[PDB]
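Chains as they are written, first to last, in full-length UniProt numbering: chain Z, 25 to 53; chain V, 25 to 53; chain R, 90 to 110; chain A, 90 to 110.
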Amino acid sequence: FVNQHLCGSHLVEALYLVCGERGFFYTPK
Amino acid sequence: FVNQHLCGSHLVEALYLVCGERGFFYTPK
Amino acid sequence: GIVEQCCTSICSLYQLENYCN
Amino acid sequence: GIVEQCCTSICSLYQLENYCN
Ligand code: NA
Ligand code: NA
């Protein structure tokens, strides 16, 4: 699921699944 | 969509929609 | 944190915006 | 940033993990 173009909610979803309880930061601009 | 219990991907989605180009940080633990 | 405010209790716009950059 | 690496170009695990806390 990670080795593709991922935009918007699709990118946020991948961060959520990969990072797990660590969490993540999403900074588009 | 925000005035409810939101967990996991459902919470990340709400952050994504509300924060827009600002982005956000998701820190579960 | 956010989980306590929005997952185990009812979320709000006000709280969500606390986690925007 | 992440958009350049993962949206306009092909993402990778390696790059995603750069944005985990
Ligand atoms: Na997985
Ligand atoms: Na909206």
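From the three backbone atoms N, C-alpha and C, an ideal C-beta is built for every residue, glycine too.
Name the residue from the options whose alpha carbon lies nearest to the alpha carbon of residue i.
i: V:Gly-44; options: Z:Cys-31, Z:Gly-44, Z:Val-42; result: Z:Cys-31
i: R:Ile-99; options: V:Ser-33, V:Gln-28, V:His-34; result: V:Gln-28
Roughly how many whole angstroms lie between the Cα atoms of residue i and residue j?
i: A:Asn-107; j: Z:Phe-48; result: 9 angstroms
i: Z:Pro-52; j: Z:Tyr-40; result: 15 angstroms
i: Z:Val-26; j: Z:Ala-38; result: 7 angstroms
i: R:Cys-96; j: A:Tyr-103; result: 29 angstroms
i: Z:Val-36; j: V:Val-42; result: 13 angstroms
i: R:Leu-105; j: R:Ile-91; result: 8 angstroms
i: V:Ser-33; j: R:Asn-110; result: 19 angstroms
i: A:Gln-94; j: V:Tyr-50; result: 20 angstroms
i: A:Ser-101; j: V:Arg-46; result: 23 angstroms
Chain Z partners of residue i, CB-CB under 7 angstroms?
i: A:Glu-106; result: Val-42
i: V:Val-36; result: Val-36, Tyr-40
Below 7 angstroms on C-beta distance, what does residue i contact in chain V?
i: Z:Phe-48; result: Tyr-50
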